[PDB]
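Okay, so here's the structure we're looking at.
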Amino acid sequence: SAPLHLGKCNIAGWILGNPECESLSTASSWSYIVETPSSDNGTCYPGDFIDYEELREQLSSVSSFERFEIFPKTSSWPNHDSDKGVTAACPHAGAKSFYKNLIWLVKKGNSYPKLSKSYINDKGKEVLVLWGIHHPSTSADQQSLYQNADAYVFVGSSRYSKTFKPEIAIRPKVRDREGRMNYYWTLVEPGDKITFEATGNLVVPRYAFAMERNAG
Amino acid sequence: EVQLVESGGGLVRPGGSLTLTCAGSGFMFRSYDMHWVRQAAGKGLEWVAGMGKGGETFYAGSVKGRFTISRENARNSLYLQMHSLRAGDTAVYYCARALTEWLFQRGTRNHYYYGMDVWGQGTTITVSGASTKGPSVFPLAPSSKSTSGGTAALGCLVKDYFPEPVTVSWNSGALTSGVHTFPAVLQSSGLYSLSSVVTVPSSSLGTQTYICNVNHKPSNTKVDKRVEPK
Amino acid sequence: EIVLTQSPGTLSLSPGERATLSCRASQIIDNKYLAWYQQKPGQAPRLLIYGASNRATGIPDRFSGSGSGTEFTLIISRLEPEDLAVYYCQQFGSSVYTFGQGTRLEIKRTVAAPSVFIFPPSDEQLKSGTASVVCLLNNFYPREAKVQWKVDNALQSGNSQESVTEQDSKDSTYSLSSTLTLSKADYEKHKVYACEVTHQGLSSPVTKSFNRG
Ligand SMILES: *[C@@H]1O[C@H](CO[C@@H]2O[C@@H](C)[C@@H](O)[C@@H](O)[C@@H]2O)[C@@H](O[C@@H]2O[C@H](CO)[C@@H](O[C@@H]3O[C@H](CO)[C@@H](O)[C@H](O)[C@@H]3O)[C@H](O)[C@H]2NC(C)=O)[C@H](O[C@@H]2O[C@@H](C)[C@@H](O)[C@@H](O)[C@@H]2O)[C@H]1NC(C)=O
């Protein structure tokens, strides 16, 4: 129950796995979080972080905390390319990179088949799950990345149900990017199933977090 | 091509209704906020109504309760339904698209607005109890006299018409240099009248043919008139 | 509830000079919600500046936005005749958009005399019971011009209307059309018809005239 010290990062950078940030992967509980709220190592690929302030309060004090690989990188995606999702927006160690806890999936060859992946919570604890939705800047990039022009993403659980459509548009350059990526989180209750369907534009979880919370 | 086209404008009684449509093309419609902005003849721009991507609506205080904005992204279409129309609603109504955005930056969610970006040509709404009637088109035939300086003027008088506007072109758009179409005037009879004119080298009068093409949509009127020297 | 007062109301300047346009907010406004627009004559508005100081795409370097708080300025460094337009500032506040009243940017030019033309009524109009006599003044500067109708050397008033084109974005001139409406009887009751034109580029008034009717 020592504090969780994020260093130069803020909660968004840590929890997403911004390569600038320590994983702190052995931290299994904390009394409070010591943070740099104004850090630029929250989100490196520009976009909205939905309900961020709620997530800060959720994570403020935990009595049990376990990162686990909900969707293992090397085997969960046999029909999609999980090895190209790096970007100049997220540079690390002199090279293009991306978040530790998410995988930006693109097409395998020239076909992006219908993805459908499920996780059933057997942890006996609320499971924190984060994912991203990517919005290209042009119709050209939409096909280069995902082939399917009319892609969609669906995320569903006992508490959450939403279909995403890619919003293609040229936006002012942020971190030299004209597209965007929006970041989402939700808790999956003990025993519930969360389903990811997508024909494009989906930034899949790699790591999730089983958590119990410190309240009194 | 990125484009916006308004349609549905016209003449309506005071206290009546009218629905405007804005069709977009060349761009993904659901990515943008959509807006209506009206401009009365000779006056400034007035924002009337706006809508987000997800469908929440915004309205100016001068139109709340009387105008309803809606969009159907599957038809790339913006709509503005209007009722309880007053005289002070007469204007050209524009359609415009815009980008708004939340960016997570420095640990907070920050909202941005990047301006109204693409604009339509505009469609005109006239609110009065008066009746529609198409114009009469009379020649303004060049002078037989003079021609020493080499510049002659000729034109068309578009007279007795309601409501505004008409458009005028010359030789089906093949004649544009030296063309002046004047702002209409409202004469005491309650009807408008304008004239389009063009100045040509006066040696052109003997070798060129000049025809003005007069459109008056509200009366569905197309009139082509040849202007010959007297 | 946000008001944008924009000044000067009209701006006359010569090509090559620098144009400074002001937009004042009734209340402090966040830079990211101020925009500027261009509406050339006969056209739809064009976005110029977004978030107070960033140029929209395709907008040349000479357009620059700046300011903060309640005072905001658009600047056009090297004016051109094509920059002739009305300029509007815009703000987002309280889920509502409001514009300023606009700034006429008027292009200053050398003095140019109008070429005058007069057109008698058409035979087509006369048979319907009405006469129209039109006096054209073409491509002149400055805009102030006087037109005087004379029916058999009798000064007319109350029976003539006129309208002026907006300033041409290329040669910076105006044109003026004045129409004299007369009944068919009144038209055929008189003979000499003339319009008297006085303009700065005219030392003496110029009269154009016809006789018939
Ligand atoms: C990780 O954070 C870096 C800075 O965060 C700062 O450092 C840490 C130690 C901590 O003190 C925080 O509190 C600090 O805020 C990021 O580098 C910064 O990136 C920003 C975003 O582009 C950049 O600001 C811009 O600079 C350009 C000119 O380069 C200008 O046009 C823009 O308007 C805007 O001002 C900073 O200059 C930059 N700072 C430094 C010291 O480099 C870093 O971002 C990554 O690196 C930079 C250089 C860009 O390539 C970014 O695109 C890129 O993402 C963060 N890295 C990640 C992976 O999140």
Side-chain angles (χ1 to χ4, degrees), chain A residues 3-25 32-50 52-53 55-56 59 67 73 83-104 130-137 141 145 170-185 203-207, chain B residues 99 101-115, chain C residues 30-35 49-57 59 61 64-68:
Chain A
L4 185 71
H5 200 284
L6 301 179
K8 78 186 198 186
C9 294
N10 64 14
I11 290 168
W14 169 62
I15 200 68
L16 290 174
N18 181 336
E20 288 287 327
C21 302
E22 286 283 326
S23 68
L24 297 175
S25 70
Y32 59 91
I33 295 170
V34 177
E35 191 186 10
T36 303
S38 66
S39 177
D40 282 333
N41 311 130
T43 63
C44 50
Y45 191 77
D48 196 1
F49 193 89
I50 298 296
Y52 178 65
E53 187 65 31
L55 179 59
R56 282 184 49 169
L59 293 171
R67 192 188 70 186
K73 181 178 187 294
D83 286 325
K84 291 178 173 64
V86 302
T87 181
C90 301
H92 177 70
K96 296 194 288 186
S97 178
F98 195 73
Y99 304 101
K100 297 176 186 177
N101 300 326
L102 301 177
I103 294 170
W104 176 15
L130 298 89
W131 71 92
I133 299 299
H134 179 261
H135 303 285
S137 69
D141 293 340
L145 293 173
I170 297 170
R171 298 162 175 89
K173 287 185 178 181
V174 180
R175 289 169 187 255
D176 196 67
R177 297 277 71 77
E178 281 169 340
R180 296 291 187 263
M181 187 178 289
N182 295 320
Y183 306 95
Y184 295 86
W185 69 272
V203 183
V204 170
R206 183 181 177 183
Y207 290 99
Chain B
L99 279 168
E101 191 186 12
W102 289 95
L103 290 169
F104 179 73
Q105 283 170 344
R106 298 297 196 95
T108 65
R109 293 178 68 246
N110 302 114
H111 182 272
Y112 290 95
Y113 164 73
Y114 302 120
Chain C
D30 194 352
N31 275 99
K32 62 182 179 178
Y33 296 121
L34 188 83
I49 298 295
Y50 99 189
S53 64
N54 297 306
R55 300 185 188 95
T57 58
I59 297 300
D61 298 333
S64 294
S66 67
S68 66

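Counting starts at 1 for both ligands and their atoms, following the listed order. Chain naming here is simple, since letters A, B, ... match the order of the sequence lines and numbering starts at 1 in each. For the numbers below, each heavy atom of this structure counts, side chains included, while hydrogens, waters and symmetry mates do not.
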To check your reading of the model: name the closest protein heavy atom to [atom], its residue, and the distance in Å.
atom                    : value
atom 50 (O) of ligand 1 : A:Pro91 CG, 4.3 Å
atom 11 (O) of ligand 1 : A:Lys8 CB, 4.5 Å
atom 21 (C) of ligand 1 : A:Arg175 CG, 4.0 Å
atom 57 (C) of ligand 1 : A:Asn41 ND2, 3.2 Å
atom 18 (C) of ligand 1 : A:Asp40 OD2, 3.9 Å

Please evaluate residues B:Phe104 and A:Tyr52 with respect to the criterion ring-ring contact (aromatic ring centres under 6.0 Å, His included), reporting the C-alpha separation (whole Å), side-chain torsions for both, the decisive distance (0.1 Å), and the verdict. CA-CA 9 Å; B:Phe104 179 73; A:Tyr52 178 65; 4.6 Å; yes

Is the number of heavy atoms from other residues, nucleotides or ligands under 6.0 Å of A:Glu22 CD greater than 12?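 No - once you tally the heavy atoms of other residues, nucleotides and ligands closer than 6.0 Å, there are 12 at most.
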
In Å, rounded to the nearest 0.5 Å, how long is the span from [atom1] of [X] to [atom2] of [Y]?
X        : Y        : atom1 : atom2 : value
A:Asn182 : B:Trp102 : CG    : CH2   : 13.0 Å
A:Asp48  : A:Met181 : CG    : CE    : 13.5 Å
A:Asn101 : A:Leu130 : CG    : CG    : 8.0 Å
A:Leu16  : A:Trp131 : CG    : CH2   : 12.0 Å
A:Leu102 : A:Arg206 : CG    : CZ    : 11.0 Å
C:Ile49  : C:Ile59  : CD1   : CD1   : 7.5 Å

State, with a plain yes or no, whether a side-chain heavy atom of A:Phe49 is found less than 4.5 Å away from one of A:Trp185.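 Yes, at least one pair of side-chain atoms sits under 4.5 Å.
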
Under 4.0 Å from any heavy atom of A:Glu20, which atoms of ligand 1 are there?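 Listed by number with element, the hits are 1 (C), 56 (N), 57 (C), 58 (C).
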
By number and element, which atoms of ligand 1 are closer than 4.0 Å to a non-hydrogen atom of A:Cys44?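 This gives 57 (C), 58 (C), 59 (O) as the contact atoms.
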
Please tell me if [atom] is touched by the protein, where touching means a protein heavy-atom distance below 4.0 Å.
atom                    : value
atom 8 (C) of ligand 1  : yes
atom 48 (C) of ligand 1 : no
atom 52 (O) of ligand 1 : yes
atom 40 (C) of ligand 1 : no
atom 30 (C) of ligand 1 : no
atom 34 (C) of ligand 1 : no
atom 2 (O) of ligand 1  : yes
atom 27 (C) of ligand 1 : no

Ring centres under 6.0 Å, that's the criterion: do C:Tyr33 and B:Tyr113 meet it?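 No, the ring centres sit 6.0 Å or more apart.
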
Would you say A:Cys90 and ligand 1 have an N/O pair spaced under 3.5 Å apart?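 A:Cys90 vs ligand 1: no N/O contact under 3.5 Å.
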
If you measure from each non-hydrogen atom of A:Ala89 to ligand 1, which part falls under 4.0 Å: side chain, backbone, both or neither?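 Backbone only; the side chain of A:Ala89 stays clear of ligand 1.
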
Does A:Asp176 reach the main-chain N or O of A:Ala89 with its side chain, forming a donor-acceptor pair under 3.5 Å?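 No; zero donor-acceptor contacts below 3.5 Å.
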
Determine whether a donor-acceptor pair (N or O, by modelled atom type, separation under 3.5 Å) exists between the side chain of A:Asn10 and the backbone of A:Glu35.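 Side chain of A:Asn10 to backbone of A:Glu35: no pair is present.
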
Give the single entry among A:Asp176, A:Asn18, A:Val174 that approaches atom 59 (O) of ligand 1 most closely by any heavy atom.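 Looking at heavy atoms only, A:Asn18 sits closest to atom 59 (O) of ligand 1.
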
Answer with yes or no whether A:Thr36 contacts ligand 1, where contact means a heavy atom under 4.0 Å from a ligand atom.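 Yes, A:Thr36 has a heavy atom closer than 4.0 Å to ligand 1.
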
